[PDB]
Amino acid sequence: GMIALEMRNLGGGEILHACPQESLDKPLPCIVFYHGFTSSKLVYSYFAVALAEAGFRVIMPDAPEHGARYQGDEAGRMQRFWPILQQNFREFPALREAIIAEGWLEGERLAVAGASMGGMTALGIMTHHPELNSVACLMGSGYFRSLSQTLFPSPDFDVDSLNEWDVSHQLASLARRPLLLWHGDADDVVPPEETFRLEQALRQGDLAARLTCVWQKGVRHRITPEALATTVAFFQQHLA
């Protein structure tokens, strides 16, 4: 069916909202989707299209220093990946409250998803919010302390700031609700081992009963039609 999409201000910033046309004036199951680093909610808006076509409401915010928040300091942003990620985690409760205040959320049917930096965001949120319906992380990681040593390392940022969010001491929270981990097995940006290590830790700990882990052979750091279909099908089995 037909979907509606709009840019709207919510919680003090700009979001992208998509939903079925026939449900603009109704609460719905909602997915917050977080975009990747140096990308934007508009570049990742195909997730909103695909999920709204499946009947969901999708809310896409701007990460710090991205989208309408970006002021052109490209070199500085390159040095602030990890503080940007940390602020992304911290902004989730206020965003949830703003969604609820709009009348957009049906009950407790709220999920969180993202790709790359956005998938890292989703996993960190999950450690603090296992009441969520379900979570998806595509070509991401939960091992922030480790990965911040090599991937876009941030000068003058204390790695201890990531302690509360890193998934190493939070695996039972990741096991509490349905979790999708997707990764291309040839990723040359976020190593596939980030996701393999998490899958193996959950399985070895008897914490994998709610885990869906999908690998795509030969795929690098890019979302494919198969990854998108996997994401939609996952939410159709838990959030719908």
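For every residue, the number given is its place in the sequence shown, counted from 1.
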query: Mean C-alpha temperature factor, higher of 152 to 160 and 116 to 124; finding: 152 to 160
query: Mean Cα B-factor comparison, 100 to 108 or 143 to 151, giving the higher one as deposited; finding: 100 to 108
query: Highest recorded Cα temperature factor - choice among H183, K41, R57, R203; finding: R203
query: Position of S173 among the chain's modelled residues by C-alpha B-factor, lowest, middle or highest third; finding: highest
query: Third of the chain, ranked by Cα B-factor, where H17 sits; finding: middle
query: Within-chain third of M78 by Cα B-factor, per the entry; finding: highest
query: Position of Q216 among the chain's modelled residues by C-alpha B-factor, lowest, middle or highest third; finding: middle
query: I223 - which third its CA temperature factor falls in, relative to the rest of the chain; finding: lowest
